[PDB]
Amino acid sequence: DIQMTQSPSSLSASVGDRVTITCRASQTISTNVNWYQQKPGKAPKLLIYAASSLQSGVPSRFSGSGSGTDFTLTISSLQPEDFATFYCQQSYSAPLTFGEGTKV
Amino acid sequence: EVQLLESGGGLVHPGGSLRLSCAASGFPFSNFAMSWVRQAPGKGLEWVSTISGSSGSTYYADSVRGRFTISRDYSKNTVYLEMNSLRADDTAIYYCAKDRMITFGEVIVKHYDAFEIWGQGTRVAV
Amino acid sequence: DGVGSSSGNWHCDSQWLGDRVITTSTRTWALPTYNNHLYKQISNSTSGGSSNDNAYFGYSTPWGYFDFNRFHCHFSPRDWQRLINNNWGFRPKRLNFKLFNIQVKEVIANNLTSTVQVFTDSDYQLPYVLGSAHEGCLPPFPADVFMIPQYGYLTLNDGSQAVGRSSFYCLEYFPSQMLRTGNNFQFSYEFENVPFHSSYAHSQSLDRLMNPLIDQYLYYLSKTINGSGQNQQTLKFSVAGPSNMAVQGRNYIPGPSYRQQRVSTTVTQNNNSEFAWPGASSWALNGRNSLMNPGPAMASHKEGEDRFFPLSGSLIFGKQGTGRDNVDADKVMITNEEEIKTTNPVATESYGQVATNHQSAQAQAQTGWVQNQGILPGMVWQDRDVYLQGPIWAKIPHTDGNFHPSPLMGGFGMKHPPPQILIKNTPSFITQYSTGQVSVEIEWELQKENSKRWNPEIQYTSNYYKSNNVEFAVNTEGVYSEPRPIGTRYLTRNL
Amino acid sequence: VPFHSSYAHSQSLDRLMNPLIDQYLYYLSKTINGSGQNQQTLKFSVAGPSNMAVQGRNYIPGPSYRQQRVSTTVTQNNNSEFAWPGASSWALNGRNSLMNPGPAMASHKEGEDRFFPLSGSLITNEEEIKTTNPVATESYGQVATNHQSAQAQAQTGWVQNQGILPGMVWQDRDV
Amino acid sequence: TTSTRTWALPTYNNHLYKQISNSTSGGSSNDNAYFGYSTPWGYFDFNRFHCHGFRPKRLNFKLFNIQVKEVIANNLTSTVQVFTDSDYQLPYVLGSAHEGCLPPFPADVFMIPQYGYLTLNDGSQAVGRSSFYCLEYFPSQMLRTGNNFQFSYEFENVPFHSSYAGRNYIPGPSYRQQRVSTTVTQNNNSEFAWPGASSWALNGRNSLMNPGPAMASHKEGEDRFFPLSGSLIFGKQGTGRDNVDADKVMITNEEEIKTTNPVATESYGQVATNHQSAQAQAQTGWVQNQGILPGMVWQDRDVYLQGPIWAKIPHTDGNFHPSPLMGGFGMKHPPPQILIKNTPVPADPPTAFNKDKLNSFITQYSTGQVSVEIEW
């Protein structure tokens with residue numbers, strides 16, 4: 001079973017300054033990784049799909065990169081709305097796998 | 001819009017059975033794969049099952065397989081996740097998510113991509 | 001003719017020939033004796049008649065009437081799908097009615113010497129009740145046997161009491177044909193020229209008709225002030241074009257509106273009070289209020305909002321086996337009219353705004369909302385859609401004037417529609433009923449579609465993959481059901 | 001020219017139904033369970049002989065322009081000079097013209113024969129057309145003025161004048 | 001009448017159909033949102049009167065003396081595609097008062113406008129109902145320089161255009177317009193151009209009411225007030241495109257129809273709002289807008305030398321008084337659109353077969369003569 005490991009487990013940062021989270025997959029999954037965020041008491045929301053593509057409602061300050069094993073979620077212009085646990089997901093093959101998550 | 005109402009609710013005794021329903025509205029029900037994602041208290045969120053738009057392919061997670069059963073009713077545009085012989089760790093709040101990828105019957109392709117539209121969720125205590 | 005000779009055969013089919021369709025439906029009916037062979041006056045006073053709005057006065061008659069006025073009588077769900085996917089319009093041409101294989105019973109054995117009284121009113125001398133969308137229609141499924149509804153009518157009143165101008169009609173006072181078990185009855189009726197129902201959805205909207213690549217030569221007022229401060233007044237004019245579409249000069253505007261209150265399907269969104277009758281828009285006539293239902297033809301909701309519907313703006317049918325009173329919303333089937341969203345205003349929105357004052361140095365420009373709007377020159381609108389469950393025709397009331405006679409519940413308005421057909425068993429009496437066969441045959445003219453659209457259309461199709469019951473078919477108990485209300489508008493046209 | 005209609009309708013526009021049989025159409029009967037917080041629902045009922053106001057109808061009464069209601073009993077009327085002040089008019093190029101006789105409309109409701117419209121009569125009464133035409137001294141009806149919500153009650157407003165709508169029927173004025 | 005002009009036809013969209021939307025245009029707002037396609041085809045527009053009671057009868061159109069230049073030398077073999085849409089199967093853009101008309105002056109050489117159409121939209125996006133039209137899918141005639149092209153058209157029956165300036169009948173319908181003045185100090189010191197405008201909402205989008213129902217521009221004696229959106233506004237020769245002052249533009253005045261039509265800025269009249277009684281004074285209210293009433297008579301908006309000739313009546317279940325609001329003669333089968341483009345001539349293809357379509361073409365454009373004949 002494919003394992004997603006998201007390197008910062010928790011994080012805290014000043015607003016407006018760049019933040020970057022990455023997770024490394026157990027195998028070459030190409031561009032299949034997806035990114036989500038979950039605020040307390042609220043259902044998750046999709047940010048990035050197909051490694052770099054951003055969802056229609058997501059701000060342009062989010063972006064993502066990588067292929068194969070390694071994937072990064074970069075946040076420029078961090079904001080107070082942006083503090084939540086973040087997850088990475090493989091879409092590559094079932095059973096689907098979410099990363100451990102990063103509380104920011 | 002796109003609207004997902006899931007209520008199976010429930011507090012059941014271990015080994016008991018429970019059936020989650022998710023009433024989907026606002027999109028073509030047949031052309032999207034529907035999945036259940038699970039989040040335990042104070043933990044990460046864990047994928048459970050997914051079903052093809054045509055219901056020809058149902059995918060279960062390794063811990064879940066053989067116990068839970070996913071199905072969809074095309075008359076009521078409802079996706080079901082009946083779970084039986086439940087265990088303590090099944091306690092969590094279950095989500096219902098629509099897939100991003102639109103599919104049709106005339107091509108063989110994987111039915112899962114990304115979870116575009118989630119749902120508020122229900123609580124299963126056991 | 002005889003006891004052992006048949007007076008007709010079983011004809012049900014549909015012929016697709018060139019530009020026309022011919023539908024034929026045959027059913028089996030049973031007619032009881034009504035009112036014990038009597039005319040019995042009726043009024044609100046009999047049932048207690050508490051309210052002014054509901055006050056009525058009229059008569060109940062022993063006679064029944066045939067009602068084929070709904071589409072599912074004449075069309076199988078396949079023929080409906082064949083018709084709506086391939087055609088831009090349709091309309092009835094001819095009518096052929098037949099009544100045969102009559103059997104009169106006594107209460108149970110066969111009474112061979114009785115007659116059946118049947119006639120049609122071709123001069124429209126009786127009140128016409130077939131255009132009020134009542135029950136008693138021939139069953140959608142051919143196998144089903146149905147009961148003929150009791151005929152009756154209303155006349156003028158003051159409260160429960162009558163007035164001198166009221167009328168009374170004796171259905172025995174008419175000439176009629178008396179048939180025995182060997183006689184058969186038939187006639188043919190020719191529909192008057194009517195417009196084709198527009199079974200299509202516009203591929204353009206009334207405000208997008210422009211060429212997006214070119215500027216207009218008309219100018220509009222862009223800026224009334226040079227900036228912020230004292231005495232900043234100015235007149236600035238710009239060009240109307242691709243960058244600002246809203247302000248361009250247009251040749252045509254959307255149709256009339258009479259606003260409705262919008263009720264959400266999620267019940268928590270709705271206000272916590274009783275607004276079903278208090279909040280409903282209505283029209284008063286001679287002192288009695290009446291709900292505006294369904295009302296003028298308007299889009300049910302704005303785009304992207306499927307959970308809202310007009311309070312009495314759209315037709316609402318029942319699912320199979322739905323109770324009469326206080327059913328839940330999952331029992332009823334509400335129709336969305338949204339295909340007319342292109343040319344027609346949203347039923348639950350204001351039509352627009354108008355200036356309410358004269359601006360000046362002291363007075364600001366002030367605008368109000370237009371809740372209802374009548375016809376203006378330069379309006380283009382769509383009529384309400386027709387459904388497989390819906391009515392076919394209505395009768396235009398005989399009056400000095402009318403506008404766009406098309407009936408508001410949908411269908412083909414006619415000064416002389418298909419006539420009524422009255423039937424009763426000839427009369428202390430023998431307890432006596434009857435049964436027989438009926439065949440109705442309508443010819444339908446079709447309008448073909450020649451669209452140059454490159455991409456595929458939207459079609460009506462059966463979406464489900466695996467299911468317990470196929471839609472539009474009997475269940476295990478043998479009960480036929482119509483799962484959803486089907487509209488007529490799939491193919492597209494340019495506006 | 002059309003034949004002038006020298007006859008009176010024996011039926012009203014709202015009563016054209018068969019009083020015996022139900023309609024197959026539903027209306028919204030009840031929006032709340034009642035007497036409590038968070039009591040909301042949608043209840044639908046068959047339109048039938050018991051309630052004949054809410055049945056779906058194909059045609060509606062003609063256009064109206066409201067007239068002031070003046071009584072032949074002078075004590076009943078208000079003590080002020082309102083003959084021109086409260087008259088319905090139409091303006092053309094700054095010149096207000098009295099509206100006479102105006103749209104053809106029933107002179108008065110049934111049971112009130114003393115009242116006459118301020119400029120709606122020739123005193124000849126039009127009450128014969130009360131079947132297809134609204135009363136000249138009354139509103140045409142109500143519309144909705146707002147979107148209801150959890151925090152907003154449903155607000156209506158009176159239609160003082162209504163122009164032609166598709167599916168209106170009316171009688172013209174008698175000779 | 002008769003006319004003749006010289007046209008110049010360039011290549012559009014590099015022989016390449018394109019999706020276009022507000023999102024590609026910068027995103028605008030919801031009322032300004034649109035979706036559609038732009039085509040390599042051009043189209044001829046004589047729809048304005050200066051290109052030429054009364055009413056048209058017959059039409060005759062010819063296209064000849066074709067000249068196709070390569071960027072400059074003659075290309076003799078090249079062709080030009082032309083076809084009329086006589087089934088009205090294409091979206092009809094000729095009723096929107098666009099520029100691209102034949103010039104009012106016979107010796108001017110005019111550019112041919114680009115053709116593109118709008119379809120249904122939920123936003124910058126498209127719905128399933130939106131249709132796409134390939135104009136290559138219409139049979140068309142191909143013209144080298146020695147070829148010519150002609151067709152004739154019969155105008156359908158319309159009424160003559162009016163050319164003149166206790167009661168039974170009443171004035172026509174009104175939808176009140178805001179009153180703006182030519183003297184800036186009489187106007188309010190605030191931005192009310194969009195806020196105080198009369199609009200109509202369709203599918204959640206608010207469109208200005210322009211010019212609107214036919215009404216008198218101003219009351220007797222006041223010539224300095226005009227309805228905000230109620231009147232037509234023409235630009236003078238060389239008038240700037242954006243934010244021009246009041247002097248740079250011409251404003252038509254409808255004052256002729258003040259006899260039969262309500263004043264645009266004035267209310268239509270009064271209505272009693274209650275029942276009088278001993279305890280209640282008679283109350284009234286102002287009618288801001290009014291729909292048709294029996295016994296109404298009205299005049300339509302007049303036609304100008306600079307205004308549109310006709311318009312196409314939308315194909316709908318019903319309409320009342322189809323005459324177009326910007327003026328002219330409404331027609332269900334108007335004069336058919338004429339489509340024209342330069343046939344793509346590719347540059348040198350590679351010496352090895354490649355399945356991809358050719359992206360490289362010889363730069364080319366055409367010119368010729370247009371004669372249009374209209375009996376009146």
# chains A, B, ... in the order shown; residues from 1 in each chain; ligands from 1
$ interface_residues --of "chain C" --to "chain B" --cutoff "6 Å" --atoms "only C-alpha atoms" --output "ChimeraX atom specification"
/C:304-305,464-465
$ select_by_dssp --residues "segment 3-101 of chain A" --states "strand (DSSP E or B)" --output "PyMOL selection string"
chain A and resi 4-6+10+19-25+33-38+45-49+53-54+62-65+70-75+85-90+98
$ closest_atom_pairs --of "chain D" --to "chain E" --cutoff "9 Å" --atoms "only C-alpha atoms" --output "tab-separated table"
residue	atom	partner	partner_atom	distance
D:63	CA	E:293	CA	6.7
D:64	CA	E:293	CA	8.3
D:65	CA	E:271	CA	6.9
D:66	CA	E:271	CA	5.7
D:67	CA	E:272	CA	6.0
D:68	CA	E:272	CA	5.5
D:69	CA	E:275	CA	5.8
D:70	CA	E:276	CA	7.4
D:75	CA	E:278	CA	7.6
D:76	CA	E:278	CA	6.0
D:77	CA	E:277	CA	5.0
D:78	CA	E:278	CA	4.1
D:79	CA	E:278	CA	6.5
D:80	CA	E:281	CA	7.6
D:82	CA	E:282	CA	6.6
D:85	CA	E:282	CA	7.9
D:86	CA	E:282	CA	5.5
D:87	CA	E:272	CA	7.0
D:88	CA	E:271	CA	4.8
D:89	CA	E:269	CA	5.2
D:90	CA	E:269	CA	4.0
D:91	CA	E:269	CA	5.3
D:92	CA	E:262	CA	5.5
D:93	CA	E:219	CA	5.2
D:94	CA	E:219	CA	6.3
D:96	CA	E:269	CA	7.6
D:97	CA	E:269	CA	8.7
D:98	CA	E:166	CA	7.8
D:99	CA	E:166	CA	7.4
D:100	CA	E:166	CA	4.6
D:101	CA	E:166	CA	6.1
D:102	CA	E:168	CA	8.1
D:103	CA	E:294	CA	7.0
D:104	CA	E:294	CA	8.8
D:119	CA	E:166	CA	8.7
D:122	CA	E:166	CA	8.9
D:137	CA	E:275	CA	7.7
D:138	CA	E:274	CA	8.3
D:139	CA	E:273	CA	8.5
D:158	CA	E:273	CA	8.7
D:160	CA	E:273	CA	6.7
D:161	CA	E:271	CA	7.6
D:162	CA	E:291	CA	7.1
D:163	CA	E:291	CA	4.3
D:164	CA	E:292	CA	5.4
D:165	CA	E:292	CA	8.7
$ write_last_selection --atoms "N, CA and C atoms" --output "compact mmCIF listing (two decimals), in the first residue's frame"
# COMPACT_ATOMS: atom_id res chain seq x y z
N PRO D 63 -57.08 43.63 -17.11
CA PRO D 63 -56.29 44.68 -16.46
C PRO D 63 -57.16 45.67 -15.69
N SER D 64 -56.55 46.28 -14.67
CA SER D 64 -57.26 47.18 -13.77
C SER D 64 -56.46 48.45 -13.55
N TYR D 65 -57.18 49.55 -13.32
CA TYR D 65 -56.60 50.81 -12.89
C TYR D 65 -57.52 51.35 -11.80
N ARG D 66 -57.06 51.41 -10.55
CA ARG D 66 -58.00 51.51 -9.45
C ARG D 66 -58.69 52.87 -9.42
N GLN D 67 -60.00 52.84 -9.14
CA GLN D 67 -60.82 54.03 -8.95
C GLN D 67 -61.14 54.21 -7.48
N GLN D 68 -61.30 55.46 -7.07
CA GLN D 68 -61.72 55.76 -5.71
C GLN D 68 -63.18 55.38 -5.51
N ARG D 69 -63.50 54.93 -4.30
CA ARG D 69 -64.82 54.41 -3.99
C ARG D 69 -65.65 55.49 -3.31
N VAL D 70 -66.70 55.94 -3.98
CA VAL D 70 -67.55 57.03 -3.49
C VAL D 70 -68.96 56.49 -3.30
N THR D 75 -73.05 60.86 4.18
CA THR D 75 -72.54 60.81 5.54
C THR D 75 -71.42 59.78 5.63
N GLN D 76 -71.51 58.74 4.80
CA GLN D 76 -70.50 57.69 4.73
C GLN D 76 -69.15 58.21 4.23
N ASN D 77 -69.20 59.10 3.25
CA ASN D 77 -68.01 59.69 2.65
C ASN D 77 -67.26 60.62 3.59
N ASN D 78 -65.96 60.76 3.33
CA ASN D 78 -65.07 61.61 4.11
C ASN D 78 -65.42 63.09 4.00
N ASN D 79 -65.25 63.83 5.09
CA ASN D 79 -65.58 65.25 5.12
C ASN D 79 -64.46 66.17 4.61
N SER D 80 -64.19 66.11 3.32
CA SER D 80 -63.17 66.94 2.70
C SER D 80 -63.44 67.03 1.21
N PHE D 82 -62.36 66.03 -1.93
CA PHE D 82 -61.46 65.07 -2.56
C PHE D 82 -61.83 64.71 -3.98
N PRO D 85 -58.66 65.97 -5.98
CA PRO D 85 -57.46 65.61 -5.22
C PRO D 85 -57.23 64.11 -5.20
N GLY D 86 -58.30 63.33 -5.07
CA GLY D 86 -58.19 61.88 -5.02
C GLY D 86 -58.68 61.17 -6.27
N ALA D 87 -58.58 61.83 -7.41
CA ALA D 87 -59.01 61.23 -8.67
C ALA D 87 -57.83 60.57 -9.37
N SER D 88 -58.09 59.41 -9.97
CA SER D 88 -57.09 58.75 -10.80
C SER D 88 -56.95 59.49 -12.13
N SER D 89 -55.71 59.79 -12.51
CA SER D 89 -55.45 60.56 -13.71
C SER D 89 -54.33 59.91 -14.51
N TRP D 90 -54.19 60.35 -15.76
CA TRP D 90 -53.02 60.06 -16.58
C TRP D 90 -52.46 61.36 -17.13
N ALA D 91 -51.13 61.47 -17.11
CA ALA D 91 -50.43 62.69 -17.47
C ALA D 91 -49.89 62.59 -18.89
N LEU D 92 -50.09 63.65 -19.66
CA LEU D 92 -49.56 63.74 -21.01
C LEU D 92 -48.94 65.12 -21.20
N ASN D 93 -47.62 65.16 -21.38
CA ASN D 93 -46.90 66.40 -21.65
C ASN D 93 -47.20 67.47 -20.60
N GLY D 94 -47.26 67.04 -19.34
CA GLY D 94 -47.50 67.94 -18.23
C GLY D 94 -48.95 68.25 -17.96
N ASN D 96 -52.34 66.84 -16.77
CA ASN D 96 -53.05 65.75 -16.12
C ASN D 96 -54.48 65.70 -16.65
N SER D 97 -54.87 64.54 -17.16
CA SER D 97 -56.22 64.30 -17.62
C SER D 97 -56.90 63.33 -16.66
N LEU D 98 -58.14 63.64 -16.30
CA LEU D 98 -58.92 62.70 -15.51
C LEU D 98 -59.09 61.40 -16.29
N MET D 99 -59.10 60.28 -15.58
CA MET D 99 -59.26 58.98 -16.22
C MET D 99 -60.75 58.68 -16.26
N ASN D 100 -61.35 58.81 -17.44
CA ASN D 100 -62.77 58.55 -17.60
C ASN D 100 -63.05 57.95 -18.97
N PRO D 101 -63.90 56.91 -19.03
CA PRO D 101 -64.27 56.08 -17.89
C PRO D 101 -63.12 55.19 -17.42
N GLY D 102 -62.17 54.92 -18.32
CA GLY D 102 -61.03 54.09 -18.00
C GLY D 102 -61.21 52.65 -18.43
N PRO D 103 -60.41 51.75 -17.85
CA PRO D 103 -60.57 50.33 -18.15
C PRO D 103 -61.96 49.85 -17.75
N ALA D 104 -62.50 48.94 -18.55
CA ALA D 104 -63.82 48.40 -18.27
C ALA D 104 -63.72 47.45 -17.08
N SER D 119 -64.51 58.01 -11.24
CA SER D 119 -64.56 58.34 -12.66
C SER D 119 -64.82 57.13 -13.54
N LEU D 122 -70.77 56.23 -16.10
CA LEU D 122 -71.37 57.17 -17.04
C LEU D 122 -72.62 57.79 -16.43
N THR D 137 -62.94 49.67 -7.81
CA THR D 137 -62.55 50.33 -6.57
C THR D 137 -61.66 49.45 -5.69
N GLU D 138 -61.23 48.30 -6.19
CA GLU D 138 -60.43 47.35 -5.43
C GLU D 138 -59.10 47.13 -6.13
N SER D 139 -58.16 46.54 -5.39
CA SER D 139 -56.90 46.12 -5.99
C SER D 139 -57.13 44.96 -6.95
N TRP D 158 -49.98 45.46 -2.49
CA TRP D 158 -51.20 45.51 -3.28
C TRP D 158 -50.91 45.99 -4.69
N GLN D 160 -52.17 48.11 -7.43
CA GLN D 160 -53.15 49.15 -7.67
C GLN D 160 -53.50 49.25 -9.15
N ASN D 161 -52.61 48.79 -10.01
CA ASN D 161 -52.82 48.78 -11.45
C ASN D 161 -52.05 47.62 -12.05
N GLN D 162 -52.64 46.97 -13.05
CA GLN D 162 -52.02 45.83 -13.70
C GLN D 162 -52.28 45.91 -15.19
N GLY D 163 -51.22 45.80 -15.98
CA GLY D 163 -51.35 45.79 -17.42
C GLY D 163 -51.60 44.40 -17.95
N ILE D 164 -51.80 44.33 -19.27
CA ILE D 164 -52.10 43.08 -19.94
C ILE D 164 -51.06 42.02 -19.62
N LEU D 165 -51.53 40.83 -19.28
CA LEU D 165 -50.73 39.63 -19.13
C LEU D 165 -51.24 38.57 -20.08
$ interface_residues --of "chain C" --to "chain D" --cutoff "6 Å" --atoms "only C-alpha atoms" --output "ChimeraX atom specification"
/C:54,129,132-135,152-153,155-156,166,259-261,267,269-272,274,276,279,281-287,290-291,293-294,316-317,324-328,374-375,399-405,407-409
$ closest_residue --among "B:103, B:78, B:50, B:84" --to "chain A" --atoms "only C-alpha atoms"
B:50
